[PDB]
């Protein structure tokens, strides 16, 4: 049942932490941030050139977050990979430690602060997000074996809630072709080699044999099947990791009490979506978009839905409509009780979204955070 004494599960659409010994069951909310970098060529969370890593965790906790999503790539989780770009005068206790050991230090420290950690297999290599959970050089069995090894090691950390199986499944070509061409993820198409709903079952079973106490977070795709995507006017305009419209007819075949649907959703700073034009109904059009793409999965079907990524520059050097977009989304999440989330990102160095921290890696965008804060209250 569990190597830690803690078992995570979903009841209703709420995530529970169970102390299996005492029998105590606590419902948890995930007020989370993404702290990225283990999936990049640095092979470490970013900003350790400007900050101490512990100081960073303390500051995250001081802002009322109690959860971190930790993106990783294959390399960062194999021993002996060496981190690049760390100021060791600021980080003495990180000297002579590899990308895996830092990852472990960060999680144990987070746990010390009651912070939950979601492990995210973000990239297969360490440069970009592939549309599928395999490449020419890295097979699905290789991907599954990496997850098995991640799960054997990090399953011993009480505060690790589970596995975001693959960051942002998506297409690298357009429909109708994208559905049959074998280069991008699908859902409900039929082909188990591209259909993310079927691959998430395989990879998830594999993880649950070794970390039975974990949760399996399954993102949306970008396109699913033409019948599903055609069912809604904005069916062809979902985010990578964002399209959960096929959950109703093609549910992932996994234990309901272990599964979390985890959509990405973004504003005009990531992509100039047609429904972001006031002409196409922005911003009042947004509740119904979100509903159709992923909101109905919780609100109609009652599964647990955790928004794994959302964010934007909040009018700081980007599209000013992002302020309206972030306000409207928080309003909607509060009204509809989506209280579990990971903001993208803690890091200021996300080129299209910036982060909670400003470019100085020290100070927060007060207004962006203030708006986010309403969800924590």
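Numbering follows the first chain given and starts at 1.
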Practice problem: Read off the CA B-factors in the entry, average them over 143 to 151 and over 178 to 186, and name the higher stretch. | Solution: 143 to 151
Quiz prompt | Mean C-alpha B-factor comparison - 337 to 345 and 37 to 45, higher one | solution = 37 to 45
Quiz item: Among 246, 238, 254, 77, which carries the highest Cα B-factor?
Solution: 77
Exercise. Would you mind checking which of 136, 201, 269, 164 has the top Cα temperature factor in the PDB entry?
Key: 136
Practice problem: Please place residue 10 in the lowest, middle or highest third of its chain by C-alpha B factor as given in the entry. | Solution: middle
Quiz item: Taking the C-alpha B-factors as the PDB entry records them, is residue 316 in the lowest, middle or highest third of its chain?
Solution: middle
Quiz item: Comparing residue 219 with the other modelled residues of its chain, is its CA B-factor in the lowest, middle or highest third?
Solution: lowest
Self-check item: Lowest, middle or highest third - CA B-factor, residue 59
Solution: middle
Quiz prompt | For residue 50, the third of its chain into which the C-alpha B factor falls | solution = highest
